[PDB]
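Chains U and S, in that order, are what the protein sequence lines are.
Taking UniProt numbering, the leading residue of the first sequence gets 39, the next gets one more, and so forth.
Taken in order, the second sequence gives residues 80 to 176, 184 to 319; the numbers are from UniProt numbering.
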Amino acid sequence: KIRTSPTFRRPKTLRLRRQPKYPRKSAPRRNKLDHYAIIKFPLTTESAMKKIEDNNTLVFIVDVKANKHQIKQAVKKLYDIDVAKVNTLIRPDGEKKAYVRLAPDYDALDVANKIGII
Amino acid sequence: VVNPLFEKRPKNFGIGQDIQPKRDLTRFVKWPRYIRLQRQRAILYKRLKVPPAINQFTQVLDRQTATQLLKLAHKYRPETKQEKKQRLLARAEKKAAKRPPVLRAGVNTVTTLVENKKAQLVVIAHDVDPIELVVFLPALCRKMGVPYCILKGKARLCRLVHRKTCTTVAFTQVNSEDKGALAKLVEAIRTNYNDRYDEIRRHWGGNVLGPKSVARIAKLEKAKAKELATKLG
RNA sequence: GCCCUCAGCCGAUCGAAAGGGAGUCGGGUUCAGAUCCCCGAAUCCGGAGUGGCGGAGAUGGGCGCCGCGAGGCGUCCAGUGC
RNA sequence: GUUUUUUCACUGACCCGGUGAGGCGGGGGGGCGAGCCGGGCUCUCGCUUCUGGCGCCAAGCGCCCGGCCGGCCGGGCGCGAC
């Protein structure tokens, strides 16, 4: 075994894996963006009721940290119903308002009665 | 048998022709700072005029005496740490149902009992780190009459005793099975360590260059040899 | 996991809502929003573990043994397109 | 010896430039040449100018080491940089 390049670079050296002796906090910190926290109250103005019968969609209010991806399963796993798309924005008073399109086999005035918004 | 297809195809590594090979480059490498120091804290001990008292540590015992002197000390080792569990335990078997000759480790046990007038032969190790622990000691074994000798390996002194290093290891007792072979080694040590000790005192180390000027000065000495040669005859 | 080689960098990181920088355009709709809504036409990057189907690589040359001939049988070298 | 000091010299502090810190110092081995009768002494050299091409990741030669039934198939340590 012999020299070849005129530099000296630091050799490689083994590194173990961590293997702690006590697990630092006693239990994993719990998740507080349930399905329940994420969906607040349905919105029921003149202009939301124009977006139910006509389009076939709903209008919700939603924890401002919420994703679209997150929201879409929470409308899925409490009223049972499958979604097409979930548009969002954020109001000048400062809360998240998600416009929830629905499927053709499903119906919009009909599910709206089940929950209470009419 | 052979194939006419194959062709030998040389390279010509002469200047400006064919990209140079891969090769031996030790001698030009940029080394790290921690090495580049240690390799030139041994060059300032040939140039520099090492004075005579620290200069006697290069003076060391040779090969046929160094492998012979660790076979008499092989019979007078200290016991192992596992031996102290069947000796301390061996008292409670005989009761509930004059030390044999051994070494003296450390400088603070050797320097007192060489002047106390007990020991026979004293040993030293060469590579003693901060040197000022053993600068005084060889001139103190000079006067009293306790012949000193230096072995290359402070590591392998403190492998008699179970530790990592040592410095000095003295004898005060030897058995009547070995009273000739301990009286023998003291004569092969004393006549060239505490008879020529005086010789030792004069002998300064240093003022000896690195070759890169031996062979330019020597070069020009012969320059004042051919002018005196062709002139005369 | 470990080992053998193989590896020039060149300096972490920040700095442009008028520099650089793939790909959306028409007709309609509201008191107040639209290249973002809805009808309809298009298409850019990622992804494919059983890679879902077509096509392309790829389909040829020369002798023998039967057959009026088209083809049928073995046996031996070509084919990373024109 | 011990100093009193004038010069010319040295390299090991200590300063500056250069680079991916890539061939610098001593000897040996061959080519071109200088002089004494196959022999050494004193050296000069160590291969690349015609063109607005191409050049890397060893061929060639020795010496061992394991797989299938003399041939078939796959690794180690050297030459080149003495």
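Cβ coordinates follow ideal geometry from the N, Cα and C atoms, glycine included.
Residues of chain S with a Cβ closer than 8 Å to the Cβ of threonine 45 of chain U are, in chain order, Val108, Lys109.
Identification of chain S residues near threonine 42 of chain U by a Cβ-Cβ cut-off of 9 Å yields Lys101, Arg102, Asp103, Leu104, ordered along the chain.
Check the Cα spacing between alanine 104 of chain U and each of U:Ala75, U:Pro44, U:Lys50, U:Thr51: the tightest is with U:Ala75. In chain order, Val129, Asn134 place their CB closer than 6 Å to the CB of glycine 291 of chain S, counting only its own chain and leaving out the 5 sequence neighbours on each side.
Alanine 309 of chain S and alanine 152 of chain S have their alpha carbons spaced roughly 58 Å apart. According to the DSSP secondary-structure assignment, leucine 96 of chain U is paired through a beta bridge with U:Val138.
Setting aside the 5 residues that flank it on each side, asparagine 94 of chain U is surrounded in the same chain by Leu140, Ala146, each with a C-beta closer than 6 Å to its C-beta; the list follows chain order. Minimum Cα-Cα distance from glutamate 133 of chain U among the listed residues U:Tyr60, U:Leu54, U:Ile77 corresponds to U:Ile77.
When the beta-carbon positions are compared, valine 209 of chain S and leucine 237 of chain S come within less than 8 Å of each other. Distance from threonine 253 of chain S to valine 220 of chain S at the Cβ level is roughly 6 Å; contact confirmed, criterion being Cβ atoms closer than 8 Å. The DSSP-derived three-state label of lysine 160 of chain S is coil. According to DSSP, residue pairing for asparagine 125 of chain U in a beta bridge involves U:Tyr137. Here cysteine 244 of chain S is not near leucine 140 of chain S, since their CB atoms are 8 Å or more apart. In the structure shown, the three-state DSSP call for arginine 190 of chain S is strand.
Taking the C-beta atoms as reference points, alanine 211 of chain S is found nearer than 8 Å to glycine 239 of chain S. The continuous alpha helix (DSSP H) containing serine 85 of chain U extends over residues 84 to 87. Going by C-alpha positions, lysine 229 of chain S is about 54 Å away from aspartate 103 of chain S. DSSP links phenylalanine 257 of chain S through a beta bridge to S:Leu207.
By the C-beta density criterion, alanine 205 of chain S is buried, having at least 16 other C-beta atoms within 10 angstroms. Relative to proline 186 of chain S, the option among S:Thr258, S:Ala274, S:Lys270, S:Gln99 whose CA is nearest is S:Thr258. In the three-state DSSP reduction, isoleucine 236 of chain S falls in the strand class (E or B). With fewer than 16 other Cβ atoms inside 10 Å of its own Cβ, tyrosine 124 of chain S counts as exposed.
Leaving aside the five residues that flank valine 260 of chain S on each side, the residues in its chain whose CB is nearer than 6 Å to its CB run, in chain order, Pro187, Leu268. If the five residues before and after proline 157 of chain S are omitted, its C-beta is found closer than 7 Å to the C-beta atoms of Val188, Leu189, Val247, all from its own chain and listed in chain order.
If you compare the alpha carbons of S:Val300, S:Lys305, S:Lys250, S:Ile286 with that of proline 131 of chain S, the shortest gap goes to S:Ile286.
Distance from the Cα of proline 233 of chain S is smallest, within the candidate group S:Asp213, S:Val200, S:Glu263, for S:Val200. Counting every other CB atom within 10 Å of its CB across the protein chains shown gives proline 224 of chain S a total of 16 or more, marking it as buried.
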